[PDB]
$ cat start.cif   # mmCIF, N, CA and C atoms
data_target
#
loop_
_atom_site.label_atom_id
_atom_site.label_comp_id
_atom_site.auth_asym_id
_atom_site.auth_seq_id
_atom_site.Cartn_x
_atom_site.Cartn_y
_atom_site.Cartn_z
N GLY A 1 -1.94 20.29 -2.09
CA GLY A 1 -3.07 20.04 -1.21
C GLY A 1 -4.29 19.51 -1.93
N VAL A 2 -4.56 18.22 -1.77
CA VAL A 2 -5.74 17.57 -2.32
C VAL A 2 -6.49 16.92 -1.18
N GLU A 3 -7.71 17.39 -0.92
CA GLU A 3 -8.56 16.85 0.13
C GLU A 3 -9.61 15.95 -0.52
N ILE A 4 -9.48 14.65 -0.30
CA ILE A 4 -10.32 13.64 -0.92
C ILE A 4 -11.38 13.20 0.08
N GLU A 5 -12.65 13.30 -0.33
CA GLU A 5 -13.77 12.81 0.46
C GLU A 5 -14.52 11.81 -0.42
N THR A 6 -14.09 10.55 -0.38
CA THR A 6 -14.62 9.52 -1.27
C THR A 6 -15.97 9.05 -0.76
N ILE A 7 -16.99 9.19 -1.60
CA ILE A 7 -18.23 8.44 -1.40
C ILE A 7 -17.92 6.97 -1.64
N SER A 8 -18.18 6.15 -0.62
CA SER A 8 -17.67 4.80 -0.38
C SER A 8 -17.64 3.77 -1.52
N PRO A 9 -18.67 3.56 -2.36
CA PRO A 9 -18.65 2.38 -3.23
C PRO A 9 -17.63 2.47 -4.35
N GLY A 10 -16.95 1.35 -4.58
CA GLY A 10 -15.88 1.24 -5.56
C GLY A 10 -15.22 -0.12 -5.50
N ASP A 11 -13.90 -0.18 -5.68
CA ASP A 11 -13.20 -1.44 -5.44
C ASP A 11 -12.01 -1.24 -4.50
N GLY A 12 -11.49 -0.01 -4.45
CA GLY A 12 -10.46 0.34 -3.50
C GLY A 12 -9.05 -0.07 -3.87
N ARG A 13 -8.83 -0.66 -5.05
CA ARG A 13 -7.50 -1.14 -5.40
C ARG A 13 -7.02 -0.79 -6.80
N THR A 14 -7.91 -0.50 -7.75
CA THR A 14 -7.48 -0.27 -9.13
C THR A 14 -7.03 1.19 -9.23
N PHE A 15 -5.82 1.43 -8.87
CA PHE A 15 -5.27 2.77 -8.88
C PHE A 15 -4.75 3.11 -10.26
N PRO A 16 -4.86 4.37 -10.68
CA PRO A 16 -4.21 4.78 -11.93
C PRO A 16 -2.70 4.77 -11.78
N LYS A 17 -2.04 4.10 -12.71
CA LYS A 17 -0.58 4.06 -12.75
C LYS A 17 -0.11 4.92 -13.92
N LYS A 18 1.21 4.92 -14.13
CA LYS A 18 1.81 5.79 -15.13
C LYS A 18 1.48 5.31 -16.54
N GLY A 19 1.05 6.24 -17.39
CA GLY A 19 0.69 5.92 -18.75
C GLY A 19 -0.64 5.22 -18.92
N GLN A 20 -1.42 5.08 -17.85
CA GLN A 20 -2.73 4.43 -17.93
C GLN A 20 -3.77 5.46 -18.35
N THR A 21 -4.33 5.27 -19.54
CA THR A 21 -5.44 6.09 -20.00
C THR A 21 -6.67 5.76 -19.17
N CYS A 22 -7.07 6.70 -18.31
CA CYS A 22 -8.10 6.46 -17.32
C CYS A 22 -9.27 7.41 -17.55
N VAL A 23 -10.45 6.98 -17.11
CA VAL A 23 -11.72 7.57 -17.49
C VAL A 23 -12.38 8.14 -16.23
N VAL A 24 -12.77 9.41 -16.29
CA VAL A 24 -13.37 10.12 -15.16
C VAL A 24 -14.59 10.90 -15.64
N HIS A 25 -15.74 10.63 -15.02
CA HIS A 25 -16.94 11.44 -15.18
C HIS A 25 -16.80 12.67 -14.28
N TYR A 26 -16.03 13.65 -14.73
CA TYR A 26 -15.82 14.78 -13.84
C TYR A 26 -16.95 15.79 -14.00
N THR A 27 -17.14 16.58 -12.95
CA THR A 27 -18.15 17.63 -12.93
C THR A 27 -17.62 18.77 -12.07
N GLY A 28 -17.27 19.88 -12.71
CA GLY A 28 -16.61 20.96 -12.01
C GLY A 28 -17.59 21.84 -11.25
N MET A 29 -17.04 22.63 -10.34
CA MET A 29 -17.81 23.52 -9.48
C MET A 29 -16.85 24.55 -8.90
N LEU A 30 -17.34 25.76 -8.67
CA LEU A 30 -16.57 26.78 -7.97
C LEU A 30 -17.02 26.85 -6.52
N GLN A 31 -16.06 27.09 -5.62
CA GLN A 31 -16.37 27.47 -4.24
C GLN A 31 -17.24 28.72 -4.24
N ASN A 32 -18.46 28.58 -3.71
CA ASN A 32 -19.49 29.64 -3.70
C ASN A 32 -19.78 30.13 -5.11
N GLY A 33 -19.79 29.19 -6.06
CA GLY A 33 -20.01 29.47 -7.46
C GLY A 33 -20.64 28.26 -8.11
N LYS A 34 -20.87 28.38 -9.42
CA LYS A 34 -21.56 27.33 -10.15
C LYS A 34 -20.55 26.46 -10.89
N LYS A 35 -21.06 25.56 -11.73
CA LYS A 35 -20.26 24.70 -12.58
C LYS A 35 -19.47 25.51 -13.60
N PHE A 36 -18.36 24.94 -14.05
CA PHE A 36 -17.58 25.54 -15.13
C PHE A 36 -17.17 24.55 -16.20
N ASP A 37 -17.05 23.26 -15.90
CA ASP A 37 -16.62 22.27 -16.87
C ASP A 37 -17.13 20.92 -16.42
N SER A 38 -17.75 20.19 -17.35
CA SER A 38 -18.36 18.91 -17.00
C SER A 38 -18.26 17.96 -18.18
N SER A 39 -17.59 16.83 -17.97
CA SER A 39 -17.68 15.72 -18.89
C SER A 39 -19.06 15.09 -18.92
N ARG A 40 -19.82 15.20 -17.83
CA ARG A 40 -21.19 14.70 -17.81
C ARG A 40 -22.10 15.49 -18.73
N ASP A 41 -21.89 16.80 -18.82
CA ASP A 41 -22.68 17.61 -19.74
C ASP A 41 -22.35 17.28 -21.18
N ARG A 42 -21.07 17.03 -21.47
CA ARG A 42 -20.68 16.65 -22.81
C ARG A 42 -20.98 15.18 -23.09
N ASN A 43 -21.23 14.40 -22.03
CA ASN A 43 -21.38 12.94 -22.09
C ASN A 43 -20.19 12.27 -22.78
N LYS A 44 -19.01 12.82 -22.55
CA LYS A 44 -17.75 12.38 -23.14
C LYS A 44 -16.78 12.24 -21.97
N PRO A 45 -16.66 11.06 -21.38
CA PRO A 45 -16.10 10.98 -20.02
C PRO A 45 -14.58 11.05 -19.91
N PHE A 46 -13.95 11.91 -20.72
CA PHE A 46 -12.60 12.47 -20.52
C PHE A 46 -11.54 11.38 -20.30
N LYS A 47 -11.31 10.62 -21.37
CA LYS A 47 -10.32 9.55 -21.32
C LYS A 47 -8.92 10.15 -21.32
N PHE A 48 -8.33 10.30 -20.14
CA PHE A 48 -7.04 10.96 -20.00
C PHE A 48 -6.03 9.98 -19.41
N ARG A 49 -4.76 10.23 -19.70
CA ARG A 49 -3.69 9.37 -19.22
C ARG A 49 -2.91 10.06 -18.10
N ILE A 50 -2.24 9.23 -17.30
CA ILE A 50 -1.50 9.67 -16.12
C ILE A 50 -0.02 9.75 -16.49
N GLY A 51 0.62 10.86 -16.16
CA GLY A 51 2.04 11.02 -16.34
C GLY A 51 2.47 11.99 -17.42
N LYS A 52 1.56 12.81 -17.93
CA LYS A 52 1.87 13.77 -18.98
C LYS A 52 1.62 15.21 -18.55
N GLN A 53 1.05 15.40 -17.36
CA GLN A 53 0.58 16.70 -16.85
C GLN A 53 -0.37 17.40 -17.82
N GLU A 54 -1.20 16.61 -18.50
CA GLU A 54 -2.32 17.16 -19.25
C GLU A 54 -3.29 17.85 -18.30
N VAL A 55 -3.78 17.10 -17.32
CA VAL A 55 -4.67 17.62 -16.29
C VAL A 55 -3.88 18.47 -15.31
N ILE A 56 -4.58 19.31 -14.56
CA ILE A 56 -3.96 20.14 -13.53
C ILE A 56 -3.56 19.26 -12.36
N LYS A 57 -2.69 19.80 -11.49
CA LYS A 57 -2.17 19.02 -10.37
C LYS A 57 -3.24 18.73 -9.33
N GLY A 58 -4.25 19.59 -9.22
CA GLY A 58 -5.36 19.30 -8.33
C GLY A 58 -6.24 18.18 -8.84
N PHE A 59 -6.28 17.97 -10.15
CA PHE A 59 -7.04 16.88 -10.73
C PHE A 59 -6.18 15.64 -10.96
N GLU A 60 -4.85 15.82 -11.06
CA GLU A 60 -3.95 14.70 -11.28
C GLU A 60 -3.70 13.93 -9.99
N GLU A 61 -3.46 14.66 -8.89
CA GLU A 61 -3.21 14.00 -7.62
C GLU A 61 -4.47 13.37 -7.05
N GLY A 62 -5.64 13.89 -7.41
CA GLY A 62 -6.88 13.27 -6.99
C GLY A 62 -7.17 11.97 -7.71
N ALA A 63 -6.57 11.77 -8.88
CA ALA A 63 -6.83 10.56 -9.65
C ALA A 63 -6.15 9.33 -9.05
N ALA A 64 -4.85 9.44 -8.74
CA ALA A 64 -4.11 8.29 -8.23
C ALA A 64 -4.50 7.94 -6.80
N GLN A 65 -5.09 8.87 -6.06
CA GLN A 65 -5.57 8.61 -4.71
C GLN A 65 -6.95 7.96 -4.69
N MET A 66 -7.55 7.74 -5.85
CA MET A 66 -8.82 7.04 -5.97
C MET A 66 -8.60 5.69 -6.64
N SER A 67 -9.65 4.88 -6.64
CA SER A 67 -9.64 3.60 -7.32
C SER A 67 -10.90 3.49 -8.17
N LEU A 68 -11.07 2.33 -8.81
CA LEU A 68 -12.19 2.11 -9.72
C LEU A 68 -13.51 2.08 -8.97
N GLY A 69 -14.51 2.78 -9.50
CA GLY A 69 -15.80 2.85 -8.89
C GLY A 69 -15.96 3.94 -7.86
N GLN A 70 -14.87 4.35 -7.20
CA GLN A 70 -14.93 5.34 -6.13
C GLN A 70 -15.39 6.70 -6.65
N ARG A 71 -16.00 7.46 -5.75
CA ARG A 71 -16.59 8.76 -6.06
C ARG A 71 -16.04 9.74 -5.03
N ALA A 72 -14.93 10.39 -5.36
CA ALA A 72 -14.34 11.35 -4.44
C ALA A 72 -14.84 12.76 -4.75
N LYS A 73 -14.21 13.75 -4.13
CA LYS A 73 -14.69 15.12 -4.17
C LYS A 73 -13.48 16.04 -4.02
N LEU A 74 -13.00 16.58 -5.14
CA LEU A 74 -11.81 17.41 -5.10
C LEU A 74 -12.12 18.80 -4.55
N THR A 75 -11.16 19.32 -3.79
CA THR A 75 -11.15 20.72 -3.37
C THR A 75 -9.77 21.23 -3.76
N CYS A 76 -9.65 21.66 -5.01
CA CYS A 76 -8.35 21.95 -5.60
C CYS A 76 -7.88 23.33 -5.19
N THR A 77 -6.62 23.40 -4.77
CA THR A 77 -6.03 24.66 -4.36
C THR A 77 -5.85 25.58 -5.58
N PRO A 78 -5.82 26.91 -5.36
CA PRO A 78 -5.63 27.81 -6.51
C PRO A 78 -4.26 27.73 -7.14
N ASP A 79 -3.21 27.58 -6.34
CA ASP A 79 -1.83 27.69 -6.81
C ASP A 79 -1.39 26.53 -7.70
N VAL A 80 -2.16 25.45 -7.78
CA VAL A 80 -1.79 24.34 -8.66
C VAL A 80 -2.35 24.49 -10.06
N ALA A 81 -3.43 25.25 -10.25
CA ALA A 81 -4.01 25.41 -11.58
C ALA A 81 -3.98 26.85 -12.09
N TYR A 82 -4.69 27.78 -11.44
CA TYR A 82 -4.88 29.11 -12.01
C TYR A 82 -4.93 30.22 -10.96
N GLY A 83 -4.16 30.09 -9.87
CA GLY A 83 -4.31 31.02 -8.75
C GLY A 83 -3.88 32.44 -9.07
N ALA A 84 -2.75 32.60 -9.75
CA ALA A 84 -2.31 33.93 -10.12
C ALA A 84 -2.69 34.27 -11.55
N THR A 85 -2.71 33.26 -12.43
CA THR A 85 -3.06 33.51 -13.82
C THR A 85 -4.56 33.70 -13.99
N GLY A 86 -5.33 32.65 -13.73
CA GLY A 86 -6.76 32.71 -13.98
C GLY A 86 -7.09 32.50 -15.45
N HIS A 87 -8.10 31.70 -15.72
CA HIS A 87 -8.46 31.54 -17.12
C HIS A 87 -9.37 32.68 -17.57
N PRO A 88 -9.20 33.19 -18.78
CA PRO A 88 -10.11 34.23 -19.27
C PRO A 88 -11.50 33.69 -19.58
N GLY A 89 -12.47 33.99 -18.71
CA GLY A 89 -13.86 33.67 -18.94
C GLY A 89 -14.38 32.45 -18.20
N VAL A 90 -13.50 31.60 -17.68
CA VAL A 90 -13.90 30.37 -17.01
C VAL A 90 -13.43 30.34 -15.56
N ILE A 91 -12.13 30.51 -15.34
CA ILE A 91 -11.57 30.39 -14.00
C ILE A 91 -10.94 31.71 -13.59
N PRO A 92 -11.45 32.38 -12.56
CA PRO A 92 -10.81 33.60 -12.07
C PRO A 92 -9.52 33.27 -11.35
N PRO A 93 -8.63 34.24 -11.18
CA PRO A 93 -7.43 34.01 -10.36
C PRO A 93 -7.79 33.82 -8.89
N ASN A 94 -7.00 32.96 -8.23
CA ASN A 94 -7.13 32.59 -6.82
C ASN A 94 -8.51 31.98 -6.53
N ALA A 95 -8.81 30.90 -7.24
CA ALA A 95 -10.06 30.17 -7.08
C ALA A 95 -9.77 28.79 -6.52
N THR A 96 -10.53 28.39 -5.50
CA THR A 96 -10.43 27.06 -4.93
C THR A 96 -11.50 26.18 -5.57
N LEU A 97 -11.08 25.33 -6.51
CA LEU A 97 -12.00 24.66 -7.42
C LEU A 97 -12.54 23.38 -6.80
N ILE A 98 -13.77 23.03 -7.20
CA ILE A 98 -14.49 21.89 -6.66
C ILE A 98 -14.83 20.96 -7.82
N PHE A 99 -14.67 19.66 -7.61
CA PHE A 99 -14.88 18.67 -8.66
C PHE A 99 -15.64 17.47 -8.13
N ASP A 100 -16.60 16.99 -8.91
CA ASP A 100 -17.23 15.70 -8.67
C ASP A 100 -16.50 14.66 -9.52
N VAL A 101 -15.55 13.96 -8.91
CA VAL A 101 -14.68 13.03 -9.61
C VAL A 101 -15.09 11.62 -9.22
N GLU A 102 -15.51 10.84 -10.21
CA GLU A 102 -15.82 9.44 -10.02
C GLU A 102 -14.97 8.62 -10.99
N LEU A 103 -14.02 7.87 -10.44
CA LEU A 103 -13.03 7.15 -11.23
C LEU A 103 -13.65 5.83 -11.69
N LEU A 104 -14.21 5.85 -12.90
CA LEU A 104 -14.70 4.65 -13.57
C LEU A 104 -13.84 4.49 -14.81
N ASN A 105 -12.67 3.89 -14.64
CA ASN A 105 -11.57 4.07 -15.58
C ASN A 105 -11.38 2.87 -16.50
N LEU A 106 -10.35 2.97 -17.33
CA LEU A 106 -9.85 1.90 -18.17
C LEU A 106 -8.35 1.76 -17.94
N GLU A 107 -7.78 0.71 -18.54
CA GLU A 107 -6.37 0.33 -18.43
C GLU A 107 -5.90 0.16 -16.99
#

$ encode --input "start.cif" --output "structure tokens"
Amino acid sequence: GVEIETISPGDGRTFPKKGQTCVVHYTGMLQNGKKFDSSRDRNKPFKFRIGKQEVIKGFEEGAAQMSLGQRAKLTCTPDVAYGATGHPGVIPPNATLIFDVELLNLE
């Protein structure tokens, strides 16, 4: 379950394909909570590739459903990343995570 609410400007066609190292200015958020992880805070815009399951499934499926320039808004389900496990100190178990994802990519 990935609910994409794209803020309109972009190109609408440059989709991430397999093995494409793509660039996302991500900015995390918790449902009824604050930020937890931000490439914008690090100013290191997270050059990640598609097809290795490096990123979580809530962040991976949101990438290919966007295009270059687009600014979507992830509402990631708990069961795809940390719903029963939970990260120690960052992500509690059964958290519905929120992301400011703007696909300004490469390749």

$ residues_around --input "start.cif" --residues "residue 50 in chain A" --least-positions-apart "5" --cutoff "6.5 Å" --atoms "all atoms listed in the file" --output "VMD selection string"
chain A and resid 17 to 22

$ atom_distance --input "start.cif" --atom1 "CA of residue 107 in chain A" --atom2 "CA of residue 35 in chain A"
28.7 Å

$ resolve_selection --input "start.cif" --expression "the PyMOL selection byres ((chain A and resi 74) around 6)" --output "ChimeraX atom specification"
/A:3-5,72-73,75-76,97-101

$ write_last_selection --input "start.cif" --atoms "N, CA and C atoms" --output "JSON list (two decimals), in the coordinates of the input"
[["chain", "number", "residue", "atom", "x", "y", "z"],
["A", 3, "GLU", "N", -7.71, 17.39, -0.92],
["A", 3, "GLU", "CA", -8.56, 16.85, 0.13],
["A", 3, "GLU", "C", -9.61, 15.95, -0.52],
["A", 4, "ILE", "N", -9.48, 14.65, -0.30],
["A", 4, "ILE", "CA", -10.32, 13.64, -0.92],
["A", 4, "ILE", "C", -11.38, 13.20, 0.08],
["A", 5, "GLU", "N", -12.65, 13.30, -0.33],
["A", 5, "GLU", "CA", -13.77, 12.81, 0.46],
["A", 5, "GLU", "C", -14.52, 11.81, -0.42],
["A", 72, "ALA", "N", -14.93, 10.39, -5.36],
["A", 72, "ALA", "CA", -14.34, 11.35, -4.44],
["A", 72, "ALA", "C", -14.84, 12.76, -4.75],
["A", 73, "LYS", "N", -14.21, 13.75, -4.13],
["A", 73, "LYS", "CA", -14.69, 15.12, -4.17],
["A", 73, "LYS", "C", -13.48, 16.04, -4.02],
["A", 75, "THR", "N", -11.16, 19.32, -3.79],
["A", 75, "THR", "CA", -11.15, 20.72, -3.37],
["A", 75, "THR", "C", -9.77, 21.23, -3.76],
["A", 76, "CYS", "N", -9.65, 21.66, -5.01],
["A", 76, "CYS", "CA", -8.35, 21.95, -5.60],
["A", 76, "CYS", "C", -7.88, 23.33, -5.19],
["A", 97, "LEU", "N", -11.08, 25.33, -6.51],
["A", 97, "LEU", "CA", -12.00, 24.66, -7.42],
["A", 97, "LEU", "C", -12.54, 23.38, -6.80],
["A", 98, "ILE", "N", -13.77, 23.03, -7.20],
["A", 98, "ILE", "CA", -14.49, 21.89, -6.66],
["A", 98, "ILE", "C", -14.83, 20.96, -7.82],
["A", 99, "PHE", "N", -14.67, 19.66, -7.61],
["A", 99, "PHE", "CA", -14.88, 18.67, -8.66],
["A", 99, "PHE", "C", -15.64, 17.47, -8.13],
["A", 100, "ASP", "N", -16.60, 16.99, -8.91],
["A", 100, "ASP", "CA", -17.23, 15.70, -8.67],
["A", 100, "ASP", "C", -16.50, 14.66, -9.52],
["A", 101, "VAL", "N", -15.55, 13.96, -8.91],
["A", 101, "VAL", "CA", -14.68, 13.03, -9.61],
["A", 101, "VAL", "C", -15.09, 11.62, -9.22]]

$ residues_around --input "start.cif" --residues "residue 95 in chain A" --least-positions-apart "2" --cutoff "8 Å" --atoms "only N, CA and C atoms" --output "PDB file with N, CA and C atoms, in the coordinates of the input"
ATOM      1  N   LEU A  30     -17.340  25.760  -8.670  1.00  0.00           N
ATOM      2  CA  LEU A  30     -16.570  26.780  -7.970  1.00  0.00           C
ATOM      3  C   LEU A  30     -17.020  26.850  -6.520  1.00  0.00           C
ATOM      4  N   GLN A  31     -16.060  27.090  -5.620  1.00  0.00           N
ATOM      5  CA  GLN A  31     -16.370  27.470  -4.240  1.00  0.00           C
ATOM      6  C   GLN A  31     -17.240  28.720  -4.240  1.00  0.00           C
ATOM      7  N   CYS A  76      -9.650  21.660  -5.010  1.00  0.00           N
ATOM      8  CA  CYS A  76      -8.350  21.950  -5.600  1.00  0.00           C
ATOM      9  C   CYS A  76      -7.880  23.330  -5.190  1.00  0.00           C
ATOM     10  N   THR A  77      -6.620  23.400  -4.770  1.00  0.00           N
ATOM     11  CA  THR A  77      -6.030  24.660  -4.360  1.00  0.00           C
ATOM     12  C   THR A  77      -5.850  25.580  -5.580  1.00  0.00           C
ATOM     13  N   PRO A  78      -5.820  26.910  -5.360  1.00  0.00           N
ATOM     14  CA  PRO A  78      -5.630  27.810  -6.510  1.00  0.00           C
ATOM     15  C   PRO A  78      -4.260  27.730  -7.140  1.00  0.00           C
ATOM     16  N   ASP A  79      -3.210  27.580  -6.340  1.00  0.00           N
ATOM     17  CA  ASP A  79      -1.830  27.690  -6.810  1.00  0.00           C
ATOM     18  C   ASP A  79      -1.390  26.530  -7.700  1.00  0.00           C
ATOM     19  N   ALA A  81      -3.430  25.250 -10.250  1.00  0.00           N
ATOM     20  CA  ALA A  81      -4.010  25.410 -11.580  1.00  0.00           C
ATOM     21  C   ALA A  81      -3.980  26.850 -12.090  1.00  0.00           C
ATOM     22  N   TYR A  82      -4.690  27.780 -11.440  1.00  0.00           N
ATOM     23  CA  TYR A  82      -4.880  29.110 -12.010  1.00  0.00           C
ATOM     24  C   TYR A  82      -4.930  30.220 -10.960  1.00  0.00           C
ATOM     25  N   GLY A  83      -4.160  30.090  -9.870  1.00  0.00           N
ATOM     26  CA  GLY A  83      -4.310  31.020  -8.750  1.00  0.00           C
ATOM     27  C   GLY A  83      -3.880  32.440  -9.070  1.00  0.00           C
ATOM     28  N   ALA A  84      -2.750  32.600  -9.750  1.00  0.00           N
ATOM     29  CA  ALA A  84      -2.310  33.930 -10.120  1.00  0.00           C
ATOM     30  C   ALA A  84      -2.690  34.270 -11.550  1.00  0.00           C
ATOM     31  N   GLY A  86      -5.330  32.650 -13.730  1.00  0.00           N
ATOM     32  CA  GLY A  86      -6.760  32.710 -13.980  1.00  0.00           C
ATOM     33  C   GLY A  86      -7.090  32.500 -15.450  1.00  0.00           C
ATOM     34  N   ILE A  91     -12.130  30.510 -15.340  1.00  0.00           N
ATOM     35  CA  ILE A  91     -11.570  30.390 -14.000  1.00  0.00           C
ATOM     36  C   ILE A  91     -10.940  31.710 -13.590  1.00  0.00           C
ATOM     37  N   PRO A  92     -11.450  32.380 -12.560  1.00  0.00           N
ATOM     38  CA  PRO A  92     -10.810  33.600 -12.070  1.00  0.00           C
ATOM     39  C   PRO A  92      -9.520  33.270 -11.350  1.00  0.00           C
ATOM     40  N   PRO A  93      -8.630  34.240 -11.180  1.00  0.00           N
ATOM     41  CA  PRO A  93      -7.430  34.010 -10.360  1.00  0.00           C
ATOM     42  C   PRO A  93      -7.790  33.820  -8.890  1.00  0.00           C
ATOM     43  N   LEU A  97     -11.080  25.330  -6.510  1.00  0.00           N
ATOM     44  CA  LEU A  97     -12.000  24.660  -7.420  1.00  0.00           C
ATOM     45  C   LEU A  97     -12.540  23.380  -6.800  1.00  0.00           C
ATOM     46  N   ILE A  98     -13.770  23.030  -7.200  1.00  0.00           N
ATOM     47  CA  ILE A  98     -14.490  21.890  -6.660  1.00  0.00           C
ATOM     48  C   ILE A  98     -14.830  20.960  -7.820  1.00  0.00           C
TER      49      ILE A  98
END

$ resolve_selection --input "start.cif" --expression "the PyMOL selection byres ((chain A and resi 25) around 8)" --output "VMD selection string"
chain A and resid 22 to 24 26 to 28 38 to 41 44 to 47 99 to 105

$ resolve_selection --input "start.cif" --expression "the PyMOL selection byres (((chain A and resi 7 and name CA) around 7) and name CA)" --output "ChimeraX atom specification"
/A:5-6,8-9,70-72

$ closest_residue --input "start.cif" --among "A:2, A:63, A:96, A:55" --to "residue 29 in chain A" --atoms "only N, CA and C atoms"
A:96

$ select_by_dssp --input "start.cif" --residues "chain A" --states "alpha helix (DSSP H)" --output "PyMOL selection string"
chain A and resi 39-42+57-64+78-81

$ atom_distance --input "start.cif" --atom1 "CA of residue 80 in chain A" --atom2 "CA of residue 1 in chain A"
8.7 Å

$ atom_distance --input "start.cif" --atom1 "CA of residue 36 in chain A" --atom2 "CA of residue 49 in chain A"
21.7 Å

$ select_by_dssp --input "start.cif" --residues "chain A" --states "strand (DSSP E or B)" --output "NGL selection string"
:A and (7 or 21-24 or 27-30 or 38 or 47-49 or 71-76 or 97-103)
